[PDB]
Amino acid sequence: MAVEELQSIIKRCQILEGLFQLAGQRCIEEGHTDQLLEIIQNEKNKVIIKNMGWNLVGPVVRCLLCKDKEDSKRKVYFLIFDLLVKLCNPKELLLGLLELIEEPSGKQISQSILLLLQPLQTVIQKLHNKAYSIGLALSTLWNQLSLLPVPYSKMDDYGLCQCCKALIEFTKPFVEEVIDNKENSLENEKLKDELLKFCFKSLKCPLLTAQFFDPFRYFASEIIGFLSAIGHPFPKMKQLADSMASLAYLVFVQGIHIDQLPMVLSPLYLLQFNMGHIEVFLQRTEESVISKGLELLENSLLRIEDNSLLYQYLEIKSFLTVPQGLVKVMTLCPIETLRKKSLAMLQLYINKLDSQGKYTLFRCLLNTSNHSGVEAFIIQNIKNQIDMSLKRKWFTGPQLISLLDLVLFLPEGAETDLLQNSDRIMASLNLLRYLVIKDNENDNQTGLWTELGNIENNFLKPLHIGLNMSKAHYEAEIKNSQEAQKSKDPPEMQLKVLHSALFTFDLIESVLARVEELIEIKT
């Protein structure tokens, strides 16, 4: 019956100059696809199928898509498809094709993209004039394409890779168009704009999470290639910052199109430019993305000689924010390899900086990191500097002291938590231990002899006080935990969690008791 209706709507509207879509769906659905083609062929009437029949595309394209294919059924669908793409007014057509934007998701995205990419060309060229169209189609295409997860060492189920090569095939003809033109005409302009817009998109989403041996090398190469193909080559190169950091990684780490760029080869010059990109990598939470950032930092850093990195470089933001961003990942990121790595990269960084650069970075990370462990690490490093910093400075005189006020400062010092403050205090106590040992009173290259009394007041004693208070609280909480336990007539293992703390105190005291033993002995 639905066929009869379709013909009735045809002959009804075939005089002149929505349900129509519906009779299409029906006719197409289980029943005859035959008489539909028998209707379109004979090419009467062109005017409706021109202005109308594009509507029939969707049900057809689902009856292609949703159908398993692998069939001699479908070729009769493909026929009427091509016939539609041929006979339909272009403006209203691609829009229907752009229905793909919504229509599928997940694994079944690719098969839509792979299916309609060609028709998207044949249509778009039909209207020679519009770049705005291409802008549209590329935007939507990349929208959908951005959703699929990016594989590593995987045959791909989601179809992302073949969809990127396919995109490249689609896009080339548009970029091969502009390469040769007499005119400056605005259509060429907006076409360039939309094109490189899509290039920043692809630079950004797919390539930023992508890992390398390599379809993502072909893709990168071919896109950045397009960036050369238009004006504004990559070398010259907000919110584009993600795109740019992806590009930086692709060029400097993957050596992609690296030939065009000038030689440079002073690791400093590249470093200062690249630091920013590294930061933009480290602010991200993805493992892939963090990893890439770390690789770019390491690479940049490997080339520099130890203690070359000049103090004044810290007057660029990324130069401070990046070590911080490292401290971020060490502490906050799930992936242990990454945490261990980030710690390392920190230690390398410290190593590269000149003396006062180190002192500056320490002072900053001390009042910034807010983690007793990374503070103990910073303390370690300081001790190392003081040690080295004597043969023939920043780590010796009142500057050192200025740096000591920061380490030996007790927050809420009498009552501090020595459980979580345990490591930074162990650090500080060992650093003292060194200092009192190395230089005599009356030699005093270091620091301390001036500060010693003020130290024992503002650090040492209140630490005694704190230890006492603590051991007392913990012993008591235990004993009367037992008293409570017995008076109630699982098994008291629950208490061991406390015993641990006691050890941590008796550790420190043994250290403290030692320092003072020296503090007198060497006085």
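Heads up: residue numbers just count along the shown sequence, starting at 1.
* To do: Classify the number of deposited-sequence residues missing from the model between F213 and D214: none, 1 to 3, 4 to 9, or 10 or more.
  => In the record, 4 to 9 residues between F213 and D214 lack coordinates.
* **Count class of coordinate-free deposited residues lying between the neighbours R392 and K393** => Missing in between: 4 to 9 residues.
* Comparing 440-448 with 239-247, where is the mean C-alpha B-factor higher? -> Per the PDB entry, the higher value belongs to 440-448.
* Mean Cα B-factor comparison, 204-212 or 184-192, giving the higher one as deposited -> Comparing 184-192 with 204-212, the higher average CA B-factor belongs to 184-192.
* Asked: Whose C-alpha has the highest temperature factor in the PDB entry: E298, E412, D387, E315?
  -> Spelled out: the listed residue with the top C-alpha B-factor is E412.
* Which has the highest CA B-factor per the PDB entry: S288, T337, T360, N89? -> The record points to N89.
* CA B-factor placement of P233, once the chain's modelled residues are sorted into thirds -> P233: CA B-factor falls in the highest third of its chain.
* Asked: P491: which third of its chain by C-alpha temperature factor?
  -> Ranked within chain, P491 CA B lands in the highest tercile.
* B-factor third for the C-alpha atom of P151 within its chain -> According to the entry, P151 has a C-alpha B-factor in the chain's middle third.
* **Record-listed C-alpha B factor of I478: chain third** => Its C-alpha B-factor, which the entry lists for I478, ranks in the lowest third among residues of this chain.
* Sorting the chain's CA B-factors, does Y349 end up in the lowest, middle or highest third? -> Lowest third.
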